[PDB]
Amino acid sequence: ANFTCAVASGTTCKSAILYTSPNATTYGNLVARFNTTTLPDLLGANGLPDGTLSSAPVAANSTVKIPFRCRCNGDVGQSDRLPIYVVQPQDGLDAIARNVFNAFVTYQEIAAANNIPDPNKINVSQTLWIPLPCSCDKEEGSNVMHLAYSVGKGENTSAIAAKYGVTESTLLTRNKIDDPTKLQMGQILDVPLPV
């Protein structure tokens, strides 16, 4: 389930997803859709200056680091009752999960988290808590920021680990990957940033 977290229940820390924006949008809109962080923190997480306007563009298909508060429940780490998603006229949990949130969650996880779904029957304008995966676990005794990462096509665990200043075996043990060569596009990795 989601990302694992083994520290005391109620533990709060800072995590992130590397978000792939389905459409052209702006930092201001992301701040709004997510509501998990303030604008200046979003800008800093993506290495942009103080004077940057909220209208700063994010191109379709490009990535944005989105920070949020993680809460651990004893088993798992989830974004802490945020972000909130309002169901649309022709939305389905699976389409929301996959087409809005990069499949960082499954429709089952969206189901369990909002208690009301036991099957997928939902109403428009209803608010859903989206439990983005996270953790506050340390990495071999050190403090890390956990980043949810969706594997790109043609990527390997070596280059992914290196890009995040992490050891490949760390990436592999943390994500219980027996065989690196089996890495799939769109597989969600828990990357423990040394930071």
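Note that residue numbering follows the sequence shown and begins at 1.
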> Between 145-153 and 24-32, which has the higher average C-alpha B-factor in the PDB entry?
Replying inline: 24-32
>> Regarding 75-83 and 120-128, which shows the higher C-alpha temperature factor on average in the entry?
In response: 120-128
>> Looking at the temperature factor on the CA atom of residue 52, which third of the chain's modelled residues does it land in?
In response: highest
>> Going by the CA temperature factor in the PDB record, which third of the chain does residue 1 belong to: lowest, middle or highest?
In response: highest
> Compared with the other modelled residues in the chain, in which third is the CA B-factor of residue 97?
Replying inline: lowest
> By its CA B factor, does residue 70 count among the lowest, middle or highest third of the modelled residues in the chain?
Replying inline: lowest
> If you rank every modelled residue in this chain by C-alpha B factor, which third holds residue 133: lowest, middle or highest?
Replying inline: lowest
